[PDB]
Amino acid sequence: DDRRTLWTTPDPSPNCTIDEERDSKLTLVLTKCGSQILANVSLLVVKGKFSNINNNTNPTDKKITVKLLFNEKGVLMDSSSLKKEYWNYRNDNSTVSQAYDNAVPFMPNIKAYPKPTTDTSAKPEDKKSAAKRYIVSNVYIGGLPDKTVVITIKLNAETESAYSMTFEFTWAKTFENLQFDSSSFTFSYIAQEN
Amino acid sequence: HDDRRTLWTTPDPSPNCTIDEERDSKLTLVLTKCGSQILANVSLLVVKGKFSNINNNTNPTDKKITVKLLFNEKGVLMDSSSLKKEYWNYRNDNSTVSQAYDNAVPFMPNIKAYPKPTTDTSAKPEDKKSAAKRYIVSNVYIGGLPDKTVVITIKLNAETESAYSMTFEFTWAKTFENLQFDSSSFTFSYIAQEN
Amino acid sequence: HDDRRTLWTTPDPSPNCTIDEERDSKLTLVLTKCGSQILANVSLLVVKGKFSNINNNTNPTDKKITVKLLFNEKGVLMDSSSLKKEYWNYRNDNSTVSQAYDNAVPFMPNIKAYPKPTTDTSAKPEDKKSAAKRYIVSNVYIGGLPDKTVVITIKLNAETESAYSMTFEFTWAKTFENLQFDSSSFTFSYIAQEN
């Protein structure tokens, strides 16, 4: 039993809805290293549209969005892309018996990543960072170096939640009969506390 | 409340960093000690002066930002650093410990992994020291926009004037037009010194 | 003292890695356990042989380096690994513990996350296992120079002859001209096994 790891499991059952119910397996591991969460994420789409990307037949199919929305206790809300049953603290290679009550120490820090406001100040010195809540990099479908995908992670940008972590996968290339299967990506973010 | 495993700006700093003019930028830098590695997270918002409004039509040579942290043998930030000292400290809640730290050696880049560059080329060519190992190079994105590519170059212990150093170099090849420098967050690690 | 939360080369290794000829490279690899994840940091300097002076005018096919770590069921490095065993160990200061380790299972890539590839023509298409999840693919830069791009491909538990494995593949498309292979440092993580 391990409250320093919040994860899917390492080998989840279909646990993620992109197009149809549970069409994907999100493997997401959050490990608390004090003031930072060390995050690791991979996504396999097992059925439906993104199990077979074809941008000759479907030229608009170039984006996948996975949304994790959390309430003020850091509990996953039902409106999340990820399903709740095996999103929990680590026990061995599974989850603790019952649903967690609190994961605030795993939430994106609300000072670093405040909930977006519509501030009326033009003055570039009054600007709140737009970019700081983003992690943007590349992952590779099948770990093939030519199959470039942009991964965009955004923290606490979702309006209808206390905290949020969204994963956006986009590609410019024309993929042809290609199962969405992302090489693993590691990032970190500043942690909230109790 | 008080946390010697985190050395940070705060997570929401006041202007704390000089690129062009005094305190024209906000560097958000968190160093978290995970034993023999420091887990580093860095973002930079330029609030005033040249890089608060990059324009490479008017200023085609404005394609580089260098932020230097220089540390003495105790790991104290030297006044010549780009980063200002007032809120560079160990974590207390979402702020810093009351008084200035006197020692942060355990957050310094390991001096065996990243020795201070020497003026020796007389070495046995196989005893030649890595030039690259002290570098982290990747991309960040202004506004997190995927077209606004910036190269981030981090260099450890390369500054001659200091016992330890951590330098952030942001460069771009594209012609940016009235664009506030605002980098997506970057995570890296480095091998830690010890006391 | 002694630190079983760090499994490393040393931070400043002697030639410890065979790419072409015996001990022609220095691999600096640090694995630090942060619970259910290993925080990994890797850099590679080739000190002698072909890749100490890459020339793709003279040798246009010399565009790949592979470093293989193979582990048995106890997480002990097997002799068929690219890396040499003498200074692959738990941390003591900037060196290794006196005696070779018996067990490093808690540093191995998680076998549920990264199962050994099977040749299963039993294939309910929805039960198809990830090909990509065991990969980390990114760029490093020789000399930390932004133009000297190298692809780094890390694969976990893909080697057939071992209980666990971690392979580093460096590739480039550009024509390098009298360039010592010297990679900027790369940080990643992976999900840890436990005992």
# chains A, B, ... in the order shown; residues from 1 in each chain; ligands from 1

$ select_by_dssp --residues "segment 16-178 of chain B" --states "strand (DSSP E)" --output "PyMOL selection string"
chain B and resi 25-34+37-46+54-55+64-71+89-92+95-96+135-141+149-156+164-171+177-178

$ interface_residues --of "chain C" --to "chain B" --cutoff "6 Å" --atoms "only C-alpha atoms" --output "compact mmCIF listing (two decimals) with N, CA and C atoms, in the first residue's frame"
# COMPACT_ATOMS: atom_id res chain seq x y z
N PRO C 11 29.51 8.81 -11.43
CA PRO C 11 29.31 10.05 -12.20
C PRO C 11 30.48 10.42 -13.13
N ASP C 12 31.65 9.83 -12.90
CA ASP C 12 32.88 10.11 -13.69
C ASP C 12 33.56 8.80 -14.05
N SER C 43 24.22 9.80 -20.51
CA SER C 43 25.10 10.49 -21.46
C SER C 43 26.15 9.48 -21.89
N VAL C 47 35.37 7.37 -26.60
CA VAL C 47 36.74 7.88 -26.34
C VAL C 47 37.69 7.35 -27.42
N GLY C 143 28.01 17.33 -28.54
CA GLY C 143 28.67 18.57 -28.09
C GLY C 143 27.63 19.56 -27.54
N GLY C 144 26.37 19.13 -27.35
CA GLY C 144 25.25 20.04 -27.00
C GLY C 144 24.99 21.08 -28.09
N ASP C 182 29.49 12.37 -28.49
CA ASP C 182 29.45 12.98 -27.14
C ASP C 182 28.06 13.60 -26.93
N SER C 183 27.16 12.84 -26.32
CA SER C 183 25.71 13.15 -26.27
C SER C 183 25.41 14.07 -25.08
N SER C 184 24.65 15.12 -25.33
CA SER C 184 23.99 15.91 -24.27
C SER C 184 23.20 14.93 -23.39
N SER C 185 23.07 15.23 -22.11
CA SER C 185 22.45 14.37 -21.09
C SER C 185 20.94 14.32 -21.34
N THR C 187 17.23 12.90 -19.62
CA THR C 187 16.49 12.40 -18.44
C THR C 187 15.20 11.73 -18.92

$ interface_residues --of "chain A" --to "chain B" --cutoff "12 Å" --atoms "only C-alpha atoms" --output "mmCIF file with C-alpha atoms, in the first residue's frame"
data_model
loop_
_atom_site.group_PDB
_atom_site.id
_atom_site.type_symbol
_atom_site.label_atom_id
_atom_site.label_comp_id
_atom_site.auth_asym_id
_atom_site.auth_seq_id
_atom_site.Cartn_x
_atom_site.Cartn_y
_atom_site.Cartn_z
ATOM 1 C CA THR A 31 4.879 9.619 -8.241
ATOM 2 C CA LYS A 32 5.240 12.280 -5.527
ATOM 3 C CA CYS A 33 8.888 13.488 -5.205
ATOM 4 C CA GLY A 34 8.027 16.182 -2.583
ATOM 5 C CA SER A 35 7.217 19.538 -4.239
ATOM 6 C CA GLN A 36 7.138 17.874 -7.752
ATOM 7 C CA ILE A 37 5.056 15.037 -9.254
ATOM 8 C CA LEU A 38 7.082 12.861 -11.645
ATOM 9 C CA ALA A 39 4.544 11.828 -14.321
ATOM 10 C CA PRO A 108 -1.077 20.637 -10.041
ATOM 11 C CA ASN A 109 -0.084 23.542 -7.716
ATOM 12 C CA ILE A 110 -2.855 26.223 -7.913
ATOM 13 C CA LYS A 111 -0.291 29.092 -7.472
ATOM 14 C CA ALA A 112 1.922 27.798 -10.328
ATOM 15 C CA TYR A 113 -1.142 26.848 -12.450
ATOM 16 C CA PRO A 114 -4.084 29.016 -11.286
ATOM 17 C CA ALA A 122 -3.397 44.759 -21.620
ATOM 18 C CA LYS A 123 -0.058 45.626 -19.847
ATOM 19 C CA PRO A 124 2.473 42.849 -20.735
ATOM 20 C CA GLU A 125 3.900 43.271 -17.138
ATOM 21 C CA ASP A 126 0.406 42.348 -15.709
ATOM 22 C CA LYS A 127 0.332 39.201 -17.916
ATOM 23 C CA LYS A 128 -0.205 35.871 -16.115
ATOM 24 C CA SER A 129 1.879 33.182 -17.911
ATOM 25 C CA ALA A 130 -0.163 31.377 -20.598
ATOM 26 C CA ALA A 131 2.636 28.820 -21.251
ATOM 27 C CA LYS A 132 3.828 27.750 -17.729
ATOM 28 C CA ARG A 133 0.826 25.310 -17.323
ATOM 29 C CA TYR A 134 1.862 23.597 -20.628
ATOM 30 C CA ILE A 135 4.288 20.760 -21.259
ATOM 31 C CA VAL A 136 4.810 20.405 -25.032
ATOM 32 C CA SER A 137 7.065 17.746 -26.629
ATOM 33 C CA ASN A 138 7.033 14.898 -29.160
ATOM 34 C CA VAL A 149 3.102 13.291 -32.563
ATOM 35 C CA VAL A 150 3.007 16.523 -30.521
ATOM 36 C CA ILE A 151 2.014 15.853 -26.897
ATOM 37 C CA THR A 152 0.463 18.929 -25.176
ATOM 38 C CA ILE A 153 -0.149 18.575 -21.424
ATOM 39 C CA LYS A 154 -2.122 21.410 -19.755
ATOM 40 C CA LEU A 155 -2.628 21.784 -15.985
ATOM 41 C CA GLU A 168 -3.562 16.421 -26.359
ATOM 42 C CA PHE A 169 -1.911 14.270 -29.073
ATOM 43 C CA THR A 170 -1.720 15.948 -32.545
ATOM 44 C CA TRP A 171 0.083 15.109 -35.803
ATOM 45 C CA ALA A 172 0.625 16.999 -39.048
ATOM 46 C CA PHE A 185 6.623 10.463 -22.060
ATOM 47 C CA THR A 186 8.031 11.644 -18.686
ATOM 48 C CA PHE A 187 7.357 15.125 -17.270
ATOM 49 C CA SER A 188 7.001 16.812 -13.882
ATOM 50 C CA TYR A 189 4.839 19.569 -12.417
ATOM 51 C CA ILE A 190 4.758 21.569 -9.154
ATOM 52 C CA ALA A 191 2.532 19.783 -6.580
ATOM 53 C CA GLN A 192 -0.291 21.292 -4.495
ATOM 54 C CA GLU A 193 -0.236 20.411 -0.748
ATOM 55 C CA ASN A 194 -2.952 20.019 1.951
#

$ atom_distance --atom1 "atom CA of residue 90 of chain A" --atom2 "atom CA of residue 106 of chain A"
13.2 Å

$ residues_around --residues "residue 6 of chain A" --least-positions-apart "5" --cutoff "12 Å" --atoms "only C-alpha atoms" --output "number ranges by chain"
A: 1, 27-32, 37-40, 74-76, 84, 86-91, 93-96, 99-100, 102-107; C: 35-37

$ write_last_selection --atoms "N, CA and C atoms" --output "short mmCIF file (atom, residue, chain, number, x, y, z; two decimals), in the first residue's frame"
data_model
loop_
_atom_site.label_atom_id
_atom_site.label_comp_id
_atom_site.auth_asym_id
_atom_site.auth_seq_id
_atom_site.Cartn_x
_atom_site.Cartn_y
_atom_site.Cartn_z
N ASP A 1 0.86 -1.22 0.00
CA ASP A 1 0.00 0.00 0.00
C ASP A 1 0.89 1.26 0.00
N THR A 27 -2.01 4.48 -19.77
CA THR A 27 -1.11 4.16 -18.63
C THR A 27 -0.52 5.47 -18.13
N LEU A 28 -0.97 5.91 -16.95
CA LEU A 28 -0.51 7.16 -16.31
C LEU A 28 -0.06 6.86 -14.87
N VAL A 29 1.18 7.19 -14.58
CA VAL A 29 1.79 6.99 -13.25
C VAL A 29 2.23 8.36 -12.73
N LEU A 30 1.68 8.79 -11.59
CA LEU A 30 2.11 10.00 -10.87
C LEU A 30 2.85 9.55 -9.61
N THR A 31 4.10 9.91 -9.47
CA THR A 31 4.88 9.62 -8.24
C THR A 31 5.26 10.94 -7.59
N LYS A 32 4.89 11.09 -6.32
CA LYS A 32 5.24 12.28 -5.53
C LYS A 32 6.73 12.21 -5.15
N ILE A 37 5.58 16.33 -8.77
CA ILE A 37 5.06 15.04 -9.25
C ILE A 37 5.85 14.67 -10.50
N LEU A 38 6.40 13.48 -10.50
CA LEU A 38 7.08 12.86 -11.64
C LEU A 38 6.02 12.00 -12.35
N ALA A 39 5.65 12.40 -13.55
CA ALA A 39 4.54 11.83 -14.32
C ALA A 39 5.10 11.06 -15.51
N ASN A 40 4.45 9.94 -15.83
CA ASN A 40 4.80 9.08 -16.98
C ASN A 40 3.50 8.65 -17.67
N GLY A 74 -9.13 16.19 -5.05
CA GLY A 74 -8.25 15.52 -6.03
C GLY A 74 -8.83 14.19 -6.49
N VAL A 75 -10.13 13.99 -6.29
CA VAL A 75 -10.88 12.81 -6.80
C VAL A 75 -11.24 13.06 -8.27
N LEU A 76 -11.02 12.06 -9.12
CA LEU A 76 -11.35 12.08 -10.57
C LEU A 76 -12.86 12.23 -10.75
N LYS A 84 -12.72 5.54 -13.38
CA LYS A 84 -12.32 5.77 -11.97
C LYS A 84 -11.86 4.47 -11.31
N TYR A 86 -9.91 1.92 -11.52
CA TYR A 86 -8.48 1.55 -11.31
C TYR A 86 -7.58 2.79 -11.48
N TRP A 87 -8.11 3.96 -11.15
CA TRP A 87 -7.32 5.18 -10.86
C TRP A 87 -7.22 5.34 -9.34
N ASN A 88 -6.11 4.94 -8.76
CA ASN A 88 -5.99 4.88 -7.29
C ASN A 88 -4.53 4.80 -6.92
N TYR A 89 -4.28 4.95 -5.64
CA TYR A 89 -2.98 4.70 -5.00
C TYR A 89 -2.56 3.27 -5.29
N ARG A 90 -1.25 3.07 -5.35
CA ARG A 90 -0.60 1.79 -5.66
C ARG A 90 -0.75 0.83 -4.49
N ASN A 91 -1.18 -0.39 -4.77
CA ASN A 91 -0.92 -1.58 -3.91
C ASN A 91 -0.36 -2.67 -4.82
N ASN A 93 1.11 -4.18 -7.99
CA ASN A 93 0.91 -3.75 -9.40
C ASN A 93 -0.57 -3.45 -9.67
N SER A 94 -1.35 -3.23 -8.60
CA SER A 94 -2.80 -2.90 -8.69
C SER A 94 -3.09 -1.60 -7.93
N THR A 95 -4.31 -1.47 -7.40
CA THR A 95 -4.78 -0.27 -6.65
C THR A 95 -5.20 -0.70 -5.24
N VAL A 96 -5.23 0.24 -4.29
CA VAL A 96 -5.71 -0.03 -2.90
C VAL A 96 -7.18 -0.49 -2.98
N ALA A 99 -11.76 3.14 -3.25
CA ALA A 99 -11.52 4.47 -3.86
C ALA A 99 -10.85 5.38 -2.83
N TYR A 100 -9.87 6.18 -3.26
CA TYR A 100 -9.20 7.17 -2.37
C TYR A 100 -10.16 8.33 -2.10
N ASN A 102 -8.74 11.39 -0.93
CA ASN A 102 -7.91 12.62 -1.06
C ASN A 102 -6.62 12.35 -1.84
N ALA A 103 -6.36 13.14 -2.88
CA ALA A 103 -5.09 13.13 -3.63
C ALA A 103 -4.64 14.56 -3.92
N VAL A 104 -4.99 15.50 -3.04
CA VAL A 104 -4.62 16.94 -3.20
C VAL A 104 -3.10 17.04 -3.39
N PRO A 105 -2.26 16.30 -2.63
CA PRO A 105 -0.81 16.37 -2.81
C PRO A 105 -0.29 15.93 -4.19
N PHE A 106 -1.15 15.37 -5.05
CA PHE A 106 -0.80 15.00 -6.44
C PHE A 106 -1.38 16.00 -7.45
N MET A 107 -2.14 16.99 -6.99
CA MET A 107 -2.79 17.94 -7.92
C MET A 107 -1.76 18.97 -8.39
N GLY C 35 10.19 5.82 -5.61
CA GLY C 35 9.11 4.85 -5.40
C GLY C 35 8.84 4.00 -6.63
N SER C 36 7.65 4.13 -7.18
CA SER C 36 7.15 3.28 -8.28
C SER C 36 7.79 3.71 -9.62
N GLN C 37 8.55 4.81 -9.67
CA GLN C 37 9.31 5.20 -10.90
C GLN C 37 10.81 5.28 -10.61
#

$ decode --residues "segment 108-143 of chain A" --atoms "N, CA and C atoms" --output "compact mmCIF listing (two decimals), in the first residue's frame"
# COMPACT_ATOMS: atom_id res chain seq x y z
N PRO A 108 -1.91 19.53 -9.61
CA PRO A 108 -1.08 20.64 -10.04
C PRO A 108 -1.26 21.86 -9.12
N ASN A 109 -0.14 22.39 -8.65
CA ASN A 109 -0.08 23.54 -7.72
C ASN A 109 -0.90 24.71 -8.30
N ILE A 110 -1.81 25.25 -7.50
CA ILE A 110 -2.86 26.22 -7.91
C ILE A 110 -2.23 27.62 -7.96
N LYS A 111 -1.05 27.81 -7.36
CA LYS A 111 -0.29 29.09 -7.47
C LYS A 111 0.50 29.09 -8.77
N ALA A 112 1.15 27.97 -9.08
CA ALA A 112 1.92 27.80 -10.33
C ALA A 112 0.97 27.79 -11.52
N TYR A 113 -0.18 27.12 -11.37
CA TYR A 113 -1.14 26.85 -12.45
C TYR A 113 -2.54 27.24 -11.96
N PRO A 114 -2.79 28.55 -11.74
CA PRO A 114 -4.08 29.02 -11.29
C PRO A 114 -5.14 28.71 -12.35
N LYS A 115 -6.39 28.62 -11.94
CA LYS A 115 -7.50 28.44 -12.89
C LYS A 115 -7.55 29.70 -13.74
N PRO A 116 -7.57 29.55 -15.07
CA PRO A 116 -7.65 30.69 -15.98
C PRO A 116 -8.76 31.68 -15.59
N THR A 117 -8.44 32.97 -15.57
CA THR A 117 -9.39 34.09 -15.42
C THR A 117 -9.35 34.91 -16.71
N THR A 118 -10.42 35.66 -17.01
CA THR A 118 -10.45 36.65 -18.12
C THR A 118 -10.06 38.03 -17.56
N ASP A 119 -8.79 38.18 -17.17
CA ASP A 119 -8.19 39.45 -16.68
C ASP A 119 -8.31 40.54 -17.75
N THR A 120 -8.77 41.74 -17.38
CA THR A 120 -8.77 42.96 -18.24
C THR A 120 -7.57 43.84 -17.85
N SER A 121 -6.36 43.40 -18.18
CA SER A 121 -5.13 44.22 -18.21
C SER A 121 -4.35 43.87 -19.48
N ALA A 122 -4.18 44.86 -20.36
CA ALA A 122 -3.40 44.76 -21.62
C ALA A 122 -1.90 44.67 -21.30
N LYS A 123 -1.47 45.33 -20.20
CA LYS A 123 -0.06 45.63 -19.85
C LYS A 123 0.75 44.33 -19.77
N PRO A 124 1.74 44.12 -20.68
CA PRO A 124 2.47 42.85 -20.74
C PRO A 124 3.11 42.46 -19.38
N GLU A 125 3.32 43.45 -18.50
CA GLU A 125 3.90 43.27 -17.14
C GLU A 125 2.85 42.70 -16.18
N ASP A 126 1.56 42.86 -16.50
CA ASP A 126 0.41 42.35 -15.71
C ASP A 126 0.03 40.95 -16.20
N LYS A 127 0.63 40.51 -17.30
CA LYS A 127 0.33 39.20 -17.92
C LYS A 127 0.54 38.11 -16.87
N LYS A 128 -0.42 37.21 -16.72
CA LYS A 128 -0.21 35.87 -16.11
C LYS A 128 0.31 34.95 -17.21
N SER A 129 1.31 34.12 -16.92
CA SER A 129 1.88 33.18 -17.91
C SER A 129 0.75 32.36 -18.52
N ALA A 130 0.73 32.28 -19.85
CA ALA A 130 -0.16 31.38 -20.60
C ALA A 130 0.51 30.02 -20.77
N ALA A 131 1.84 29.98 -20.77
CA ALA A 131 2.64 28.82 -21.25
C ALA A 131 3.05 27.90 -20.09
N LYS A 132 3.18 28.44 -18.88
CA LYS A 132 3.83 27.75 -17.73
C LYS A 132 3.05 26.46 -17.40
N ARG A 133 1.73 26.46 -17.62
CA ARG A 133 0.83 25.31 -17.32
C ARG A 133 0.94 24.25 -18.42
N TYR A 134 1.69 24.52 -19.49
CA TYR A 134 1.86 23.60 -20.63
C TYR A 134 3.16 22.81 -20.45
N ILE A 135 3.11 21.53 -20.82
CA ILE A 135 4.29 20.76 -21.26
C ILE A 135 4.03 20.37 -22.71
N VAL A 136 4.93 20.74 -23.60
CA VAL A 136 4.81 20.40 -25.03
C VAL A 136 6.08 19.71 -25.50
N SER A 137 5.93 18.52 -26.08
CA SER A 137 7.06 17.75 -26.63
C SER A 137 6.57 16.85 -27.76
N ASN A 138 7.38 15.90 -28.14
CA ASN A 138 7.03 14.90 -29.16
C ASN A 138 7.06 13.53 -28.53
N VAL A 139 6.12 12.70 -28.94
CA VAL A 139 6.14 11.23 -28.78
C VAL A 139 6.02 10.63 -30.18
N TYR A 140 6.19 9.32 -30.28
CA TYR A 140 6.37 8.62 -31.56
C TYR A 140 5.48 7.39 -31.53
N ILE A 141 4.57 7.28 -32.48
CA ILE A 141 3.68 6.09 -32.58
C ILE A 141 4.56 4.88 -32.86
N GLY A 142 4.37 3.80 -32.09
CA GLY A 142 5.15 2.57 -32.25
C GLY A 142 6.62 2.82 -31.97
N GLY A 143 6.97 3.99 -31.41
CA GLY A 143 8.37 4.39 -31.18
C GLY A 143 9.14 4.50 -32.49
